[PDB]
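Here the structure is laid out as structure tokens; the discussion comes afterwards.
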Amino acid sequence: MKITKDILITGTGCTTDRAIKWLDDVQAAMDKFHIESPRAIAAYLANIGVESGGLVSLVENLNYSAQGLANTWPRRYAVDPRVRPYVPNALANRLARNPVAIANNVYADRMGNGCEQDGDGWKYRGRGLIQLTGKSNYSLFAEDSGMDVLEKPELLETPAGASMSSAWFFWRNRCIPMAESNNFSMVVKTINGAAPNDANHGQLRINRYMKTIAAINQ
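The following block contains the structure:
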């Protein structure tokens, strides 16, 4: 369905100026990945807006102190993950305040990435609205979209790439059937990792979902 600037603002909480810059990219992404019904469009917009702070935040933040590393990945970066506070280990103290070195270590040898030394963890760090991480998902998105994101992963920080990759994620993770069965809670769990709650702004997601259905049907 053709959406408006006002539907996009209702759905994502974005500014008027950002809605104007993103409208055509969001429409093209939803059309490409068959996000067509009021509930599918509402569930997609409600989640991409909260995940990205209103289409503002498009890349993983890897700025950490040693204490932030221990707190975020205690099994990797705390001396002992069974105690409070966590104490940063020697690895945490070496990697702290080094975004590239953190990503290369924490994302090494998973999600399709190779070894720490060869740089895939940083290269394929989280990007987009619903962030894609790791060489495997960048590769699958490249094949499904035709976007050159292995050579140019920074395309996922453009409005076109962020919208397209989020629409791909929504389609591929079966969110369209969930939306069209009125299972918004499962859509949020699938995208965020947890059902609607305080931590993931669940009430704001639900409020924007319901408000966007109403807006579209008019």
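Plus 576 on top of the position in the sequence shown (first one is 1) and you've got my numbering.
Using N, Cα and C, we set each Cβ at its ideal position, and we do this for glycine too.
Identify whether residue i lies in helix, strand or coil by the three-state DSSP scheme.
{"i": "residue 703", "result": "strand"}
{"i": "residue 635", "result": "strand"}
{"i": "residue 675", "result": "helix"}
{"i": "residue 650", "result": "helix"}
{"i": "residue 664", "result": "strand"}
{"i": "residue 682", "result": "helix"}
{"i": "residue 623", "result": "helix"}
{"i": "residue 603", "result": "helix"}
{"i": "residue 643", "result": "helix"}
{"i": "residue 764", "result": "helix"}
{"i": "residue 786", "result": "helix"}
{"i": "residue 774", "result": "coil"}
{"i": "residue 656", "result": "coil"}
{"i": "residue 586", "result": "helix"}
{"i": "residue 578", "result": "coil"}
{"i": "residue 779", "result": "helix"}
What whole-angstrom Cβ distance do residue i and residue j have, given they're in contact under 8 Å?
{"i": "residue 718", "j": "residue 698", "result": "Actually they do not touch by this definition, with Cβ atoms about 18 Å apart."}
{"i": "residue 738", "j": "residue 704", "result": "5 Å"}
{"i": "residue 653", "j": "residue 664", "result": "6 Å"}
{"i": "residue 749", "j": "residue 614", "result": "Not quite, the Cβ-Cβ distance comes to about 20 Å (not below 8 Å), so this is no contact."}
{"i": "residue 788", "j": "residue 586", "result": "5 Å"}
{"i": "residue 735", "j": "residue 714", "result": "18 Å between Cβ atoms; not a contact."}
{"i": "residue 752", "j": "residue 611", "result": "6 Å"}
{"i": "residue 768", "j": "residue 776", "result": "5 Å"}
Keeping to the same chain, check which residues put their C-beta closer than 8 Å to that of residue i; ignore five residues upstream and five downstream.
{"i": "residue 630", "result": "588, 589, 590, 591, 594"}
{"i": "residue 779", "result": "772"}
{"i": "residue 755", "result": "613, 615, 616, 618, 619, 620, 763"}
{"i": "residue 710", "result": "683, 686, 687, 688, 689, 696, 700"}
{"i": "residue 636", "result": "679, 701, 702, 703, 707, 709"}
{"i": "residue 724", "result": "718, 731"}
Would the beta-carbon of residue i be found less than 7 Å away from any heavy atom of the ligand ATP?
{"i": "residue 751", "result": "Only the bare structure without any ligand can be found here, which leaves the ligand ATP out of the picture."}
Note down, in chain order, each residue of its chain lying with its Cβ closer than 6 Å to the Cβ of residue i, except the 5 sequence neighbours on either side.
{"i": "residue 683", "result": "689, 697"}
{"i": "residue 668", "result": "642, 645, 646, 653"}
{"i": "residue 598", "result": "631, 735"}
Out of the options, state which residue places its alpha-carbon closest to the alpha-carbon of residue i.
{"i": "residue 627", "options": "654, 706, 711, 583", "result": "706"}
{"i": "residue 687", "options": "676, 669, 716, 661", "result": "716"}
{"i": "residue 764", "options": "620, 659, 756", "result": "620"}
{"i": "residue 604", "options": "743, 771, 768, 749", "result": "743"}
{"i": "residue 732", "options": "633, 666, 782, 747", "result": "633"}
{"i": "residue 766", "options": "623, 691, 597, 700", "result": "623"}
{"i": "residue 625", "options": "791, 790, 785", "result": "785"}
{"i": "residue 708", "options": "757, 648, 746, 582", "result": "746"}
Within its chain, find whatever has a CB closer than 7 Å to the CB of residue i; leave out the 5 residues flanking it on each side and keep chain order.
{"i": "residue 672", "result": "640, 641, 642, 645"}
{"i": "residue 675", "result": "638, 639"}
{"i": "residue 608", "result": "740, 743"}
{"i": "residue 650", "result": "657, 662"}
Of all the CB atoms in chain D, is at least one closer than 8 Å to the CB of residue i?
{"i": "residue 788", "result": "Within the model displayed, chain D is absent; a lone protein chain is all it includes."}
Which residue spans inside the region 684 to 758 form an unbroken alpha helix (DSSP H) run of at least 4?
-> 696 to 699, 711 to 721, 735 to 748, 751 to 755
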